[PDB]
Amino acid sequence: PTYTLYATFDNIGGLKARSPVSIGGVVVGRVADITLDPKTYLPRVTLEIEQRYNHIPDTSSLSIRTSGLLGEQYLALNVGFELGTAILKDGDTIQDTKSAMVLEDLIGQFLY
């Protein structure tokens, strides 16, 4: 089966349900759900990771990225370091997350 993880972002961009979660480009999981937290109004992503990937630290990072230039958006799981480190279990939360870039802001940067 699979085990559940939670990750909150400021902006998920083009992320949707059944979006792939990948390590080093290799798909190891899928985005199960996306829901705005009622108090913080921040996108909370519920992901399901294949059970055979057990040794993922809680220091690991999630970055929302895009395949190619115009392709679909996905979650890149950067394997964390192993200082007391704890492995991610079912129902745990990945604290270190990077949000999706916004074209207008990137242009805002490049121009101004």
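Counting begins at 1, following the sequence as shown.
According to the entry, the deposited sequence has 1 to 3 residues without coordinates between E82 and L83. Judged by mean Cα B factor in the deposited record, 83-91 ranks above the other of 59-67 and 83-91. Per the deposited record, the Cα B-factor of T46 falls in the lowest third when ranked against the other modelled residues of its chain. When the modelled residues of the chain are ordered by their C-alpha B factor, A7 lands in the lowest third.
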